[PDB]
Amino acid sequence: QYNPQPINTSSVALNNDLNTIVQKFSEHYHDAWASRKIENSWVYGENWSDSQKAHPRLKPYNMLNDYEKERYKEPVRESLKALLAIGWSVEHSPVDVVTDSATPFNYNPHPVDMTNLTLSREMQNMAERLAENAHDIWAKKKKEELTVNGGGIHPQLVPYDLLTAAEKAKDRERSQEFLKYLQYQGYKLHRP
Ligand SMILES: [Cl-]
Ligand SMILES: [Cl-]
């Protein structure tokens with residue numbers, strides 16, 4: 001069938017340096033996410049609405065609650081722990097009016113643009129492994145949720161390789177951008 005089994009991260013604990021890079025990427029990625037949502041005509045609203053394209057997380061990072069910040073930090077932290085777990089080493093060595101009208105918070109996100117940075121084929125492969133792991137983490141949690149509530153189904157409870165590209169996009173994009181951001185910030189990833 002499908003038995004999601006995330007990477008075993010036993011013993012792996014992030015030190016202050018790697019917690020800091022998780023924090024800095026999370027803030028960067030929030031601004032990249034907000035920039036994309038605003039480009040796609042989303043606006044801030046107190047309650048999330050898919051139909052009305054209103055999103056409560058469309059605020060400056062420092063106005064987010066801890067739940068909101070963890071939407072970024074949790075999967076990023078887990079992807080970094082998974083990389084370490086499988087033996088990789090991590091060496092730290094004008095304002096447009098319609099853009100501004102998307103929120104009442106004078107928020108014009110301008111994250112660093114890493115579209116001109118490239119990833120080796122090896123790092124592209126690693127981003128796919130980390131995205132698959134994010135999917136397995138989600139799937140294991142979802143199966144637990146369904147089972148304790150007496151059963152049920154979910155259309156994305158299939159192996160990562162059976163998801164469509166569109167289904168894979170959120171996790172793939174996060175890991176690709178994280179690996180670019182590590183590169184940008186002067187980290188070197190070394191294979192086992
Ligand atoms: Cl430390
Ligand atoms: Cl923070």
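Numbers here simply count residues along the sequence, with the first being 1. All values below were derived from every heavy atom in this structure, side-chain atoms included, with hydrogens, water molecules and symmetry-related copies excluded.
Put simply, the residue from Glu128, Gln124, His135, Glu167 that forms a side chain to side chain donor-acceptor pair (under 3.5 Å) with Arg172 is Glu128.
Here the side chain of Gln176 pairs no donor or acceptor atom with the backbone of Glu173 at under 3.5 angstrom.
Annotation: the span from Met114 atom CE to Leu119 atom CG amounts to 9.0 Å, rounded to 0.5 Å. Atom CZ of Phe25 and atom NZ of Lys73 lie 13.5 Å apart (nearest 0.5 Å).
By the 4.0 Å N-to-carboxylate-O rule, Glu145 lies close enough to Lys142 to be salt-bridged with it.
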Take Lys180 and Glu177 through the salt bridge (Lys or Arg N to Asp or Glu O under 4.0 Å) test and state the conclusion after the steps. CA-CA 5 Å; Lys180 285 190 177 191; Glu177 185 88 346; 5.8 Å; no
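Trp138 and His154 have perpendicular rings, their planes meeting at more than 60° on a 0 to 90° scale where under 30° would count as parallel. Ring pair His92/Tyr187 is parallel by interplanar angle, where below 30° counts as parallel and above 60° as perpendicular. Using cut-offs of 30° and 60° on the angle between ring planes, the pair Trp33 and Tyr72 is perpendicular.
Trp48 does not carry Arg57 over the face of its six-membered ring by the limits of under 6.0 Å from the centre and within 45° of the normal. Because its NZ or CZ atom is not both nearer than 6.0 Å to the ring centre of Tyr181 and within 45° of the ring axis, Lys24 does not count as a cation-pi partner of that residue.
Contact detail for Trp42 and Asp50: the closest heavy-atom pair is CH2-CA, 4.2 Å. Nearest heavy-atom pair across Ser79 and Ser175 is CB-OG, 4.4 Å. When all heavy atoms are compared, the tightest approach of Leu14 to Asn19 is O-ND2, 3.3 Å.
At a threshold of 4.5 Å between non-hydrogen side-chain atoms, the residues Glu144 and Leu146 do not count as touching.
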